[PDB]
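Oh and the sequence shown: position 325 is 325 in the deposited numbering, straight run, nothing missing.
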Amino acid sequence: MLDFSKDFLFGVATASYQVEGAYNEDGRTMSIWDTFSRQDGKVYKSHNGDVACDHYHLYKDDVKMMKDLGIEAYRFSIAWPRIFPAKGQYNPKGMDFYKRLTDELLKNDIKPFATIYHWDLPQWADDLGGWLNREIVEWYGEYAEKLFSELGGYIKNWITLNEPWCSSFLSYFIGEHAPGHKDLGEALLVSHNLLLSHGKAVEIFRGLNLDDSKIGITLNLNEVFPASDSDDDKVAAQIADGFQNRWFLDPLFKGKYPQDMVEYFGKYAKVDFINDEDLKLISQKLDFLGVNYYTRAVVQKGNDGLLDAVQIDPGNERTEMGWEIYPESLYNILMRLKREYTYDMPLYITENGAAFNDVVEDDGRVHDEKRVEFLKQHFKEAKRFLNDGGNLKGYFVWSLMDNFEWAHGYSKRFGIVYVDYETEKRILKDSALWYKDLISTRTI
Ligand code: NA
Ligand code: NA
Ligand code: NA
Ligand code: NA
Ligand code: NA
Numbered sequence: 001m002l003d004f005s006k007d008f009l010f011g012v013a014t015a016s017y018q019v020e021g022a023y024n025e026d027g028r029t030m031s032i033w034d035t036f037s038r039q040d041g042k043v044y045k046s047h048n049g050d051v052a053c054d055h056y057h058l059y060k061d062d063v064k065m066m067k068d069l070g071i072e073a074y075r076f077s078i079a080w081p082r083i084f085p086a087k088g089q090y091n092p093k094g095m096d097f098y099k100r101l102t103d104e105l106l107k108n109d110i111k112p113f114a115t116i117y118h119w120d121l122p123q124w125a126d127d128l129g130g131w132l133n134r135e136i137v138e139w140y141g142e143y144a145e146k147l148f149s150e151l152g153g154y155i156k157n158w159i160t161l162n163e164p165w166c167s168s169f170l171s172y173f174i175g176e177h178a179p180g181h182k183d184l185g186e187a188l189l190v191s192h193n194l195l196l197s198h199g200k201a202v203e204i205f206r207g208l209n210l211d212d213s214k215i216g217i218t219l220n221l222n223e224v225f226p227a228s229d230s231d232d233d234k235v236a237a238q239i240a241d242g243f244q245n246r247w248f249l250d251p252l253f254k255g256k257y258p259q260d261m262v263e264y265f266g267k268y269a270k271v272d273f274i275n276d277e278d279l280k281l282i283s284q285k286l287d288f289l290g291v292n293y294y295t296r297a298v299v300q301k302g303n304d305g306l307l308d309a310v311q312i313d314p315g316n317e318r319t320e321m322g323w324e325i326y327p328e329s330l331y332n333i334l335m336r337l338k339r340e341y342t343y344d345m346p347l348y349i350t351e352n353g354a355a356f357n358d359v360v361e362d363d364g365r366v367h368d369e370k371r372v373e374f375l376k377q378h379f380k381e382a383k384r385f386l387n388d389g390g391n392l393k394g395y396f397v398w399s400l401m402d403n404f405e406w407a408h409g410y411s412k413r414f415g416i417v418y419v420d421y422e423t424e425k426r427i428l429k430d431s432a433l434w435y436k437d438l439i440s441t442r443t444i
């Protein structure tokens, strides 16, 4: 009778630096993204998160807004520079924000899902080497354990890292994200230290044996298609798939980096950070996996160089990011996890959503019909996965509101709610009204 059971969580997601603002208040010190956004050329028109959506001050209105939509769960991140503004220096005022945030959520029947690290590493940590310095495993563990002990009565669903592929390859190899290095060997080592920090937090978490509390990790995953049936394109797809997906799925869920990628990367950089003890910590059992899904890739062999597959445009509709709208890969990825990696483990879609050219019309409304159709198509694939025996527990739309989209600044709008940044006014887009109906009827 219900496409989505009463227990299925309809959610929305944000991230601290993208929405909070109040960047220099109540003891907060700079993150690497504060620093990076002030370096010339790194962020669209030198946008930064100084103010963002001012959600730090407006959080009560934002929670009321979610309550009126019937939101059942809210994924947010916790800002490390608020909690430890300096090495070893706990800031109770920073903790107080997350207590009053999560108190507000619970009192409005919204379940909190907290992301421990969503890219806003404290500048003091990066000055000590950041994710390149293996000591970060201990700094992160100290941070996580403080959150578990202070917030464990408030939060029962924890995510160690958001999208470690971005924090490693996009930040240290491609250089689009903070801190903006361009060195494959660095990005490979960072990926390992991120995964090792993840394992440290899981170890600490299990030792607390908190009542009714779950821990997992969030991975951005795609599906890679070869442009043709040639052997050239099949190897290209295999490499692209190992680069995005298997490089993280395999150590976490198989206890082993993917050997084809280890050999491929080893032709270009050192891969000597791999060892048995680290992989055992990395692959500790999780309670759930969070899946961030947006699009697929169609790839063709490039010119034999490092990760130089040519991106094929198959000619289909795309978002403002240039990302193809291909809802079937949401089903294919969830099925692939079920058949190859996570099996019967609970799965959450921790991000899915789209950037479109949103405009407030003369009627004061945002008629974002393309986003309505986008979300409708992807929720239909989630329902199909559930009806085929998939263990999907919830679905978080990215994002609750338009926000600071990293190197794109405020020029990409992902919200189901529009933010007029001059006034900080919230305007429900038609997609939020559609989502409200979906939560109410649980029918699609
Ligand atoms: Na901010
Ligand atoms: Na700036
Ligand atoms: Na696991
Ligand atoms: Na679980
Ligand atoms: Na499709």
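For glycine and all other residues, C-beta sits at the position ideal for the given N, C-alpha and C.
Assign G207 to buried or exposed, taking buried as 16 or more other Cβ atoms, counted over all protein chains shown, within 10 Å of its Cβ. Label assigned to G207: exposed.
What separation, rounded to the nearest whole angstrom, lies between the Cα atoms of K107 and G364? About 31 Å.
Does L249 come out as helix, strand or coil in the three-state DSSP assignment? Secondary structure at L249: helix, using DSSP grouped into helix, strand and coil.
Straight-line Cα distance separating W80 from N91: Each residue's Cα considered, the two are about 10 Å apart.
Going by DSSP in three states, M321 sits in which element: helix, strand or coil? Of the three classes helix, strand and coil, the one that applies to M321 here is coil, per DSSP.
Measuring alpha carbon to alpha carbon, tell me which of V291, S411, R413 and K436 ends up nearest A382. The shortest C-alpha separation from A382 is found at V291.
May I ask whether a heavy atom of ligand 4 can be found less than 8 Å away from the beta carbon of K338? No, Cβ of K338 sits at least 8 Å from all heavy atoms of ligand 4.
Considering just the uninterrupted stretch of the beta strand (DSSP E) at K270, what are its terminal residues? Per DSSP, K270 belongs to no beta strand (DSSP E) and is neither H nor E.
Which one of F4, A297, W124 and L306 has the shortest CA to CA distance from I83? Looking at the Cα atoms, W124 is the closest of the given residues.
For the alpha helix (DSSP H) that contains residue 511, what are its first and last residues? In the structure as shown, the chain starts at 1 and stops at 444, and residue 511 therefore has no counterpart that could be examined.
Looking at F113 and ligand 4, is the gap between the Cβ and the nearest heavy atom below 8 Å? Because no heavy atom of ligand 4 lies under 8 Å away, the Cβ of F113 does not count as near it: no.
Determine which residues share a DSSP beta bridge with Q300 and list them. Within the DSSP bridge table, the entry for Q300 names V310 as partners.
Look at the Cβ atom of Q300, then the Cβ atom of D232, and state whether they are nearer than 9 Å. In contact: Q300 and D232 (Cβ atoms closer than 9 Å).
Under three-state DSSP, which class holds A236? Assignment of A236 by DSSP, reduced to helix, strand and coil, places it in the helix class.
Excluding five sequence neighbours on each side, which residues of the same chain lie with their C-beta closer than 8 Å to the C-beta of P226? Result list for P226: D233, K234, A236, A237, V298, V299 and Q300, in chain order.
Find out if the Cβ-Cβ distance for the pair residue 446, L147 is shorter than 9 Å. The first residue shown for the chain is 1 and the last is 444, placing residue 446 beyond what the model contains.
Relative to the C-alpha of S213, which residue among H55, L286 and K436 is closest? Nearest of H55, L286 and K436 to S213, Cα basis: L286.
Neighbourhood of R246 by C-beta, 6 Å cutoff - its chain only, sequence neighbours within 5 removed: So the list reads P258, once near-sequence residues are dropped.
Per-residue burial, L306 [other beta carbons within 10 Å of its own, 16 or more giving buried]: Taking all protein chains shown into account, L306 has fewer than 16 neighbouring C-beta atoms within 10 Å of its C-beta and is therefore exposed.
Give a yes or no on whether the C-beta atoms belonging to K376 and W434 are separated by under 9 Å. A contact, by the Cβ cut-off of 9 Å.
What is the DSSP secondary structure of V43, reduced to helix, strand or coil? Taken through DSSP and simplified to helix, strand or coil, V43 comes out as coil.
Count Cβ pairs between the region 50-68 and the region 17-35 that sit closer than 8 Å; are there 3 or more? With the cut-off at 8 Å, the region 50-68 and the region 17-35 touch.
Take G216 and list the residues in its own chain whose beta-carbon comes closer than 7 Å to its own, dropping the five residues that flank it on each side. Cβ neighbours of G216 beyond the five flanking positions: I159, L286, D287, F288, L289 and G290.
Based on the DSSP output, what are the partners of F225 in its beta bridges? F225 pairs with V298.
Selection from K338, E277, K99 and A432 that minimises the alpha carbon distance to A354: Selected option, being the one with the closest Cα: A432.
Please state the DSSP three-state secondary structure of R75. Three-state result, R75: strand.
Would the C-beta of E186 count as close to ligand 5, meaning under 8 Å from any of its heavy atoms? No, ligand 5 has no heavy atom inside 8 Å of this Cβ.
Given a cut-off of 9 Å, decide if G11 and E72 are closer than it, judged by their beta-carbon atoms. In this structure, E72 lies near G11, with their beta-carbon atoms less than 9 Å apart.
Using only the heavy atoms of ligand 5, determine whether one of them is closer than 8 Å to the beta carbon of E223. The answer is no for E223.
In terms of alpha-carbon separation, which member of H408, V137 and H177 lies closest to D278? For the residues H408, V137 and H177, the minimum Cα distance to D278 belongs to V137.
Have a look at the DSSP bridge pairing and note the partners of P164. For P164, DSSP assigns no beta-bridge partner whatsoever.
Among all the DSSP beta bridges, which residues are the ones paired with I159? Beta-bridge annotation (DSSP): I159 is paired with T115 and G216.
What alpha helix (DSSP H) runs, 4 residues minimum, are completely inside the region 8-68? Listed in chain order, the complete alpha helix (DSSP H) runs (minimum 4 residues) inside the region 8-68 are 16-19 and 32-37.
Report yes if the CB atom of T14 is closer than 9 Å to the CB atom of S411, and no otherwise. Cβ distance not < 9 Å, so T14 and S411 don't count as in contact.
Report the start-end ranges of each alpha helix (DSSP H) in the region 347-418 that is 4 residues or longer and not cut off at the edges. Qualifying alpha helix (DSSP H) stretches, in chain order: 369-387.
Can you give me the start and stop residues for the beta strand (DSSP E) that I427 sits inside? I427 -> beta strand (DSSP E) spans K425 to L428.
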